Each structure stands twice: as structure tokens, then as C-alpha cells.
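Participant: one piece of my complex first, more on the way:
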Amino acid sequence: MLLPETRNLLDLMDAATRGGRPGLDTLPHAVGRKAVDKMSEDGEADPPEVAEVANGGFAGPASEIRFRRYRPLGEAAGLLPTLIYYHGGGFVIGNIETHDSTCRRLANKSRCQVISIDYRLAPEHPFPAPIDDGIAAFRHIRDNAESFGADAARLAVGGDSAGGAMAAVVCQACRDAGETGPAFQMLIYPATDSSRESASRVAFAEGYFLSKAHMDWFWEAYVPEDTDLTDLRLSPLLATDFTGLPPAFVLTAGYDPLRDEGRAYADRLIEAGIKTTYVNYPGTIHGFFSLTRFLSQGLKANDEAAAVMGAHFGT
């Protein structure tokens, strides 16, 4: 069931692996970061023009949080409906640049403003630093909506991987603290369960991009030893109550370890009486949502996600 374009890219990665490039799972996460980050940038399709890009920062819990805003083409209104995007990369790698092309394409298609967040990475800052910045960024942008040129009424969050995880947590956190949370959550191949191993986590543990070897490498950096795995910030799937959470878009990939716990989360939402959209892209891998130089499916997904959020806010 693997697609030609997907299989093609897997050949390339197999060539490089067995020909000089070590993979190595180099623990100088600080060293490895710089190498992989450059690869990620190249993996993204060439960036589409937008109306306006803006770089800025603000005060976080423990630091300055950097951010970048993309205003979509031919969108004249001051306050726009706005998505707050958290990049992927195991709370260890990635940055605004690795997901720039994707955010540009999302804003154009959705006819919505996008605000990429640059949150504290591990190991330099471990659990729970990353999601604390994720939550602070939402609260800040919510409370200073007009400053960020954003309609407070139609304010959403989303991400991929660790990013998608981080998004789902921000929504729970808000409901738990009984304050106004997001209007919409866009969850792309997110990780929702640290407490156990699904079928897919075992079935695709090796050979399909994201490897079990990679997930350990990330885990050892992000998580201090002896941290309760049934913490909802690590495992939001284990929440008792799913009611009062915002409408969701949830996307999974066919050859993804994080497939089964992805659809699981989506199901918990549907039965809780929440407006939900689930989608499976069979025959592509984890990370296709931003490897848009190699996988067209990624661009189709970029378009589909953008479209469902757009239709929700009626843009």
C-alpha cells in the first residue's frame, strides 16, 4: 500500500544511510540539531509569496518567545481569524525556518493569519518547558488579540508531531483552568500517549522515516528520569473528560507509529459530542506534511487542513 512517490524518497534515504551519512543518532543533540534542521529546510517545497511577514518576540514564563506572522494574499481586513502553529521535532529539533514554506501555504489556502511560535527546546530546557511556552503563547495572543491583528472570536491552535501534541494540551489546559480556550484545534499526526505502545508503534518501529531509535533519542533529552508517564501533558489521550474541548481536525498517516493513538484521540472527541474531522492518508509516512519537495500528498494535506479550518471560520 506504499505510494510510488513515498517509496521513491525511502530509496534516497536508504542510499544516503549506507553511503557516508552516519545517521549515527549523535547525542550531541546540539550538534545533530544543526545538521538535521538544514535537511528539514531543504525538504520543504519552495516558499509561496504572502502579503506580509513579520518577526517579533515577547516575554514568556522564563524567556523571550520569538514568533513570525504570515498575512495571506488579498486579505484586506485588519483583524483576521488566526492559527497559532507549533513546529514539530520531538521537543528537541526544528524552528520557524524548518516549517516556513508550510505556514505560508497554510495561510494563503485557509485565508487566515498564521503565527508560528519558537518555543524552548530540549535538552537545554526539558519537560515541561516546551508546552509551558506553548500555553503562554496562546494566552498572550488571546489577551492581546488586536495587537497581533487577530479576531479573538476565531482563534485556533495546531501543529505536527510534538507540535500537534502541544496543540491538544493547550486546549485541555484551558478547559481544566476554566478559562476561554481556542475555537479550533488542528492536530497533524500528533503524539497523544506516552503511557503504552499501540499496534502501529510496534508495526512501524523500523524502516519508515521516524524510527523507534529516533523516538528514544528524543525521549532521553525531553523527559527527566522518573516522570509519571500518565501525566496528561505527556499523554492527553488518558483524560477522563473530553467534553468542552473545541472542534478538531485530526490527520493520520498510514505508515506512522503515531497512527493508532492519533485516531484514538479523534474517536474520544466524536463520542464526547465534539464537532470533529478525521482523515487518514494511507501509503505515506510520518513527516510528509512538510517534506513537500518530495511528496505531493503533503501539499494536498496542507491544502485540505487549511480548507477545513477556513470553512469553519467562514473565510
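Facilitator: Received it, and whenever you're ready, just let me know what you need. Numbering: from 1, shown residues only, chains lettered A, B, ... in the order given.

Participant: C-alpha only now, for contacts and for neighbours.
Facilitator: Will do.

Participant: distance from stretch A:274-289 to the middle of the chain?
Facilitator: Centroid separation for stretch A:274-289 versus its chain: 12 Å, with CA atoms, centre = their mean, to the nearest Å.

Participant: ok, stretch A:250-258 next?
Facilitator: With CA atoms, centre = their mean, you get 13 Å for stretch A:250-258.

Participant: how about stretch A:158-170?
Facilitator: The mean C-alpha position of stretch A:158-170 is separated from the chain mean by 5 Å, CA atoms, centre = their mean.

Participant: can I get it as PDB, trimmed to CA atoms?
Facilitator: Included here for stretch A:158-170 are C-alpha records, laid out as PDB according to Å, rounded to 0.1, in the frame of the first residue of the first chain:
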ATOM      1  CA  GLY A 158      -2.300  23.500  15.800                       C
ATOM      2  CA  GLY A 159       0.900  21.700  14.900                       C
ATOM      3  CA  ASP A 160       2.500  18.500  13.700                       C
ATOM      4  CA  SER A 161       4.300  15.700  15.800                       C
ATOM      5  CA  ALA A 162       5.300  17.200  19.200                       C
ATOM      6  CA  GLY A 163       3.600  20.300  17.800                       C
ATOM      7  CA  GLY A 164       0.300  18.500  17.400                       C
ATOM      8  CA  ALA A 165       0.700  17.100  20.900                       C
ATOM      9  CA  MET A 166       1.500  20.600  22.200                       C
ATOM     10  CA  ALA A 167      -1.700  21.900  20.500                       C
ATOM     11  CA  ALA A 168      -4.000  19.300  22.000                       C
ATOM     12  CA  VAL A 169      -2.600  20.000  25.500                       C
ATOM     13  CA  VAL A 170      -3.100  23.800  25.300                       C
END
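
Participant: what sits against residue A:109?
Facilitator: Residue A:109 sits next to A:303, A:306-307 when contact means CA atoms under 8 Å, 6 or more residues apart in numbering.

Participant: in strands, which of these appear?
Facilitator: Counting by DSSP state E, those place none of their members in strands.

Participant: most neighbours among the residues you listed, which one?
Facilitator: residue A:306 (23 neighbours; other CA atoms under 10 Å).

Participant: what is the burial count for the closest residue to that residue other than its chain neighbours?
Facilitator: Here the nearest residue to residue A:306 in space, its sequence neighbours aside, is residue A:110; by CA to CA, 6 or more residues apart in numbering that works out to 4.4 Å. Number of residues near residue A:110 (other CA under 10 Å) recorded here: 26.

Participant: could you double-check that residue A:110 sits in contact with residue A:313?
Facilitator: No. The criterion here is CA atoms under 8 Å, and residue A:110 misses it with residue A:313 at 9.4 Å.

Participant: any idea how far the residue nearest to residue A:306 lies from residue A:73?
Facilitator: 11 Å (CA to CA, to the nearest Å).

Participant: anything in contact with each of these two?
Facilitator: Contacts common to residue A:110 and residue A:73, judged by CA under 8 Å, 6+ apart, are absent.

Participant: following sequence is chain B, add it:
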Amino acid sequence: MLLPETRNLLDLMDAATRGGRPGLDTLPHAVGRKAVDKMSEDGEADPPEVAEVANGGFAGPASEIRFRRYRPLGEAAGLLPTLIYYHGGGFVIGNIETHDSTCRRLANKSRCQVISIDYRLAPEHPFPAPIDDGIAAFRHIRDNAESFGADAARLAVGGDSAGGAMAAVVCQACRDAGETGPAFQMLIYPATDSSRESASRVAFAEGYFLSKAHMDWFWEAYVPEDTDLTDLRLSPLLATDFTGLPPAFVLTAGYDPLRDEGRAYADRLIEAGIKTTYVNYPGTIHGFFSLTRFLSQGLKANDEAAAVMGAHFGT
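Facilitator: Chain B goes in next, on the same frame as the chains above:
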């Protein structure tokens, strides 16, 4: 439990029931048709302008099949990706007019051409006349693609209720006959199982729009007595094999008898390794997709469906 807008409409329908002297369940099929068809037209929100509308017909199995084409605004290309729409109404009521506003709105949003089909109705022509016209219409438009100003590469089908049923069958029929079937199937709260009663068919049998009394009234007209209920043209959910069917959009409503068998069909598709999008609109009723004069959610759904198909064909 329900939405305000949904609850609001339900009581009005309840006003007439005892308030005046109504009752479709108790009318001659041919008489009732004329009355309800006019109500349906009024139930639709005011029609959006399009680039071009075109009426025509062609030779079917047993008769002339009428049709109407909607070309979307600011779409200059000759051959467009095209959806073939089958109206709802228990294979007994409805026509192109009852679903005109909705088709117009779909074409604009999706940036795709829409072709509403006017298929033979019961009791005048019972099972299996309606779906036979449904299949002939697709085959014809497929084989004369450029005549109908349509990209053959990106040709889809869809509908609501009996229409959604009719769409799902066209795709199966094509795969069974080992010929080129549609590229995409848009299934809106469709009926997929005649062979038994789900939980929702019982739980919402009375008081929420579609009534069990209505479904019987339709059934007695459409279906010759002593017809095997496990026929796949009546019950496409009971198909052995789901592989080789086109990518799907599937939508259900919270207070719909046809809810459980809707999601069931969607699930059969996901496990068959087909690219699928499922969505539930909780706290609205069956038929909201075209009662867009009363229910905003309907317009949001109209937009969402259009958007997912658009993103698929990359318009």
C-alpha cells in the same frame, strides 16, 4: 443537548403538526410530492450567483435523463474537475430545484463544475429504476467528458440521503464491473443498510425530522415486496470487499437515524486502506445540508464538503 437553531426549527414543525391539519405520512405519494417539493425549495437559502447555468438532457436506460450544470465564478478553464450530484428524497420526492441553491454554493466554494442529475422517481418507477439512471448518468458523463466540459481525470459523484446511497452504489457497481469508476465520492448522511436497525435508527425513530413513519411510507413505494434486503443496491454496507473504491468524504448528523450506518460505512473504508474523511456535526438533524434557510450549520457543512473535494483535485 441540541443546538438552539436546531431546537428552534423542531418546535415550528411541531406547531403545524397539531396547530394545523398536516400529515405527509397520510397522503397519496403523487399528491404529497407536489406540496413537500415546494417546501423544500423554500427551505434552501437564497441562491448565490454563478458564472453560468446550463440545462440539458440525454438518453438513459428507459427515458430521457434531465440535468443542470453550474460553472463556478472566475473559473476560466475549459475542462474543469466535476462533481455529479444526486438529490435526496427517499427515491420518491425532490428534483433539481429542491437542491439548486446548494449545488450553486458547492461549485463556487469547491471551484469545481457541478452536474445535478434528475433521476426516475417512485412509485411511478420503483426499484431498481432510480439507481440505474444514477449509474447511466455517470457512465455517460465519463465517456463524453469533454462534451460536458469536464476533466475525465478528476470526475466525482455525491449526494444526500437516498442520493448519498445512490452515490456509494455507483462506485461499487463500477468496481464490480471492472471499469473506470469515479475519482472521489462525497457521501452526505447517506442510508447504507436496509437489512437491520442500528441503535440510532431506534433512538431517533420519532420526533427529530426524519421519522420511522416517513421511512416506511417511502419504503412501500420504492421497494417491491419480497426483495432480499441484503441486496447491495439497498445495503452497500454489507459488501465483502471495500478495496479499490475511490477516496471518500463522509458526513453524519448527531440526531439522525442514519447516523450509525453512516460512520460504519466510513470505518469500512478506512480499514480497507482508502483515503477517507469522516465528520460528525453533533446537535443538528438529518436534512440540515439543504435546510440552509433555517440552519447555519448546513452552510458550514456545504463549505466544508466543497473544500475537501477542492483540495483533493487541487483547485
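
Participant: the neighbour count of residue A:110 again, this time with chain B added?
Facilitator: 27 (other CA atoms under 10 Å in any protein chain shown).

Participant: phi, psi of it?
Facilitator: Here is the backbone geometry of residue A:110 (degrees, to the nearest 10): phi -70, psi -20.

Participant: check contacts around it.
Facilitator: A:303, A:306-310, A:315 (CA atoms under 8 Å, 6 or more residues apart in numbering or on different chains).

Participant: same check, this time on residue A:47
Facilitator: Applying CA under 8 Å, 6+ apart, we find residue A:47 in contact with A:100-102, A:104-105.

Participant: filter the contacts of residue A:110 by proximity to chain B?
Facilitator: Among the contacts of residue A:110, the residues lying close to chain B (CA under 8 Å from any CA of the partner chain) are A:303, A:307-308.

Participant: so which of the residues you listed belong to helices?
Facilitator: A:303, A:307-308 (DSSP state H).

Participant: sketch out the helices for chain A, chain order is fine.
Facilitator: Applying DSSP H to chain A gives helices spanning A:4-17, A:29-43, A:100-110, A:129-143, A:162-176, A:199-203, A:212-222, A:260-271, A:296-313.

Participant: dump the contacts of residue A:47 into TSV; add neighbour count and distance to residue A:231 as well.
Facilitator: Converted to TSV, the contacts of residue A:47 look like this (neighbours: other CA atoms under 10 Å in any protein chain shown; distance: CA to CA, whole Å):
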residue	neighbour count	distance to residue A:231
A:100	22	31
A:101	19	34
A:102	23	31
A:104	24	34
A:105	23	34
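
Participant: just the residues you listed now: which is nearest chain B?
Facilitator: residue A:105 (12.5 Å; CA to the nearest CA).

Participant: now that closest one. Nearest residue, chain neighbours left out?
Facilitator: residue A:48 (6.3 Å; CA to CA, 6 or more residues apart in numbering or on different chains).

Participant: do you know how far the one you found is from residue A:157?
Facilitator: Distance of residue A:48 to residue A:157, given as CA to CA: 22 Å.

Participant: around residue A:191, count how many other residues there are.
Facilitator: 27.

Participant: contacting residues for the closest residue to residue A:219 other than its chain neighbours?
Facilitator: In space, and not counting its chain neighbours, residue A:219 is closest to residue A:90: 7.8 Å by CA to CA, 6+ apart. Neighbour list for residue A:90: A:161-162, A:215, A:218-219, A:222 [criterion: CA under 8 Å, 6+ apart].

Participant: what does residue A:172 give?
Facilitator: Residue A:172 touches A:236, A:245, counting by CA under 8 Å, 6+ apart.

Participant: distance of it from chain B?
Facilitator: Here residue A:172 is placed at a distance of 20 Å from chain B (CA to the nearest CA, to the nearest Å).

Participant: against residue A:230, how distant is that residue?
Facilitator: Relative to residue A:230, and taking CA to CA, residue A:172 is found at 15 Å.

Participant: again with residue A:61
Facilitator: 24 Å.

Participant: neighbour-wise, which of the two wins?
Facilitator: residue A:230 (16 against 12).
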